[PDB]
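For reference, the structure is listed below as structure tokens.
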Amino acid sequence: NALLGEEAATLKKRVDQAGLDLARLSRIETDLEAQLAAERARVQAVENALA
Amino acid sequence: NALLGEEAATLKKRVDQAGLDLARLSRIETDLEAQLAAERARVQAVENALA
Amino acid sequence: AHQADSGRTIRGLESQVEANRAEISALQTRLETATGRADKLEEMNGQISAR
Amino acid sequence: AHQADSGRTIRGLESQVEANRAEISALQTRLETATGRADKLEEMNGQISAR
């Protein structure tokens with residue numbers, strides 16, 4: 001009982017940590033996606049100005 | 001014991017899948033890093049060249 | 001052509017790197033499990049020696 | 001520029017690969033060490049339990 005209890009306890013702790021890491025990856029993908037939208041608009045517009 | 005065993009197995013499967021997902025998120029965010037750098041070079045060098 | 005070869009090698013190499021990083025976190029899960037196990041078995045082994 | 005950029009990218013990612021190989025090797029090494037400590041301690045646990 002003690003064996004599996006402590007094992008499950010630390011494992012649950014790490015599942016929480018994994019959720020946090022998942023969260024920061026989601027945030028960074030949001031940031032990079034916004035930036036790629038902005039720079040996409042910039043490059044398309046500069047090509048239009050070229051033409 | 002049966003309850004703890006089921007919980008431990010489920011959480012072990014969970015943390016393995018979490019490891020896999022975190023790995024592939026890391027890969028894709030590195031890809032986004034690379035694409036960002038590449039097309040930033042694109043559009044900025046294009047500002048200079050077109051000007 | 002060179003950029004096409006670059007792309008091929010880039011995503012293949014990224015694939016192997018995320019496989020590696022997954023193994024990192026996963027073997028690191030088993031490591032924390034093992035180390036906590038060893039610690040707490042030490043713990044109650046001492047206690048039950050006192051008993 | 002593309003030659004140099006892709007070459008350095010392959011450098012960075014390959015470096016990640018062998019470093020990660022070293023790290024994984026470390027994971028299995030200390031993982032077996034820890035699980036050996038756990039196994040021997042568990043044997044002694046069985047002995048003291050019987051006594």
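Within the set D:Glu18, D:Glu32, D:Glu43, the sole residue that is more than 7 Å from chain C (Cβ to nearest Cβ) and under 15 Å from C:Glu32 (Cα atoms) turns out to be D:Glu32. The selection criterion, being at the interface with another protein chain (Cβ under 7 Å from one of its Cβ atoms), more than 22 Å from A:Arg14 (Cα to Cα) and assigned to a helix (DSSP H, G or I), does not hold for C:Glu23.
Out of region A:6-51, which residues are among the polar types (S, T, N, Q), in contact with a helix residue (DSSP H, G or I) (Cβ under 8 Å, 6 or more places away or on another chain) and more than 26 Å from B:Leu36 (Cβ to Cβ)? Within region A:6-51, A:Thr10 is the sole residue that qualifies. With respect to the stated conditions, D:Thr9 fails to be β-branched (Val, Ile, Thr) and more than 7 Å from chain C (Cβ to nearest Cβ).
Return the residues of region A:1-14 that are surrounded by 14 or more Cβ atoms within 10 Å (Cβ to Cβ) and aliphatic (A, V, I, L, M); say none if nothing qualifies. Hits for region A:1-14 are A:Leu3, A:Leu4, A:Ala8, A:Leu11. Taken residue by residue, region B:22-34 has at least one member that is under 22 Å from C:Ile10 (Cβ atoms) and exposed (fewer than 13 other Cβ atoms within 10 Å of the Cβ). Just one of the numbered conditions (1) under 13 Å from the mean Cα position of the chain (by Cα); (2) under 30 Å from D:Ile10 (Cβ atoms); (3) among the hydrophobic types (A, V, I, L, M, F, W, C) is not true of C:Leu31: (2).
Taking residues in region A:1-30 that are facing another protein chain (nearest Cβ under 7 Å) and in a helix (DSSP H, G or I), and partners anywhere that are surrounded by fewer than 16 Cβ atoms within 10 Å (Cβ to Cβ) and among the hydrophobic types (A, V, I, L, M, F, W, C), the pairs with Cβ atoms closer than 6 Å and at least 6 places apart or on different chains are A:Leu4/B:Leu4.
When we count neighbours, we look across all protein chains shown, and the Cβ atoms used for this are built from the backbone with ideal geometry, even at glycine. Only the coordinates and a few stated rules stand behind these numbers; no lab work does.
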